[PDB]
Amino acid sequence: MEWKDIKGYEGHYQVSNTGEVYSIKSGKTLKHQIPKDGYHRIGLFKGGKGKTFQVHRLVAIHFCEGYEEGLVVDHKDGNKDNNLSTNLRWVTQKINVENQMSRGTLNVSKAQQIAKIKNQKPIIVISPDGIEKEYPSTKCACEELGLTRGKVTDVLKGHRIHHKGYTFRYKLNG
């Protein structure tokens, strides 16, 4: 098990390729914090003030060739508890995602399902006769009243004053 001195904290702490962070003045080795996001963190103190660090970055920074600005540390096996240096590697955020893609575990349908709902802006229609009705979306209205979306939108933005006799205005507050 290889040990190296934590750069910028030499003489105070040390790190091992297995993911162990040892303190010299404290005598013992810092216990890993494992939050809800599941990444092991620890706090390193320097001159009274202590900062929070990610165990896997510390390992990667000290035992992994490939570090370049903006790069991100990846856990090859997806096991965030496996922090051996051999399981980590400096990768490009694009590449880290492409891997999820390959494994087919990147989820975007959940966002889409919630966007189809959340992108709707309630509008108010005004008939030539004066009667008004509030619809859930410009789309919904156009369909019910046989209108064209491009048009209805133009009126809503003030680019056109009316369309097919009706006029439109957004429903504010809600």
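Numbers follow the displayed sequence, beginning with 1.
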item	value
Higher-scoring stretch by recorded Cα B factor average, 62 to 70 or 48 to 56	48 to 56
101 to 109 or 132 to 140, whichever carries the higher mean Cα B-factor	132 to 140
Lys171 CA temperature factor, ranked by third within the chain	highest
Chain-relative CA temperature factor third for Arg149	middle
Chain thirds of CA B-factor: placement of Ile34	highest
Entry-reported Cα temperature factor of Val155, expressed as the chain third it lands in	lowest
Cα B factor band for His40 (lowest, middle or highest third within the chain)	middle
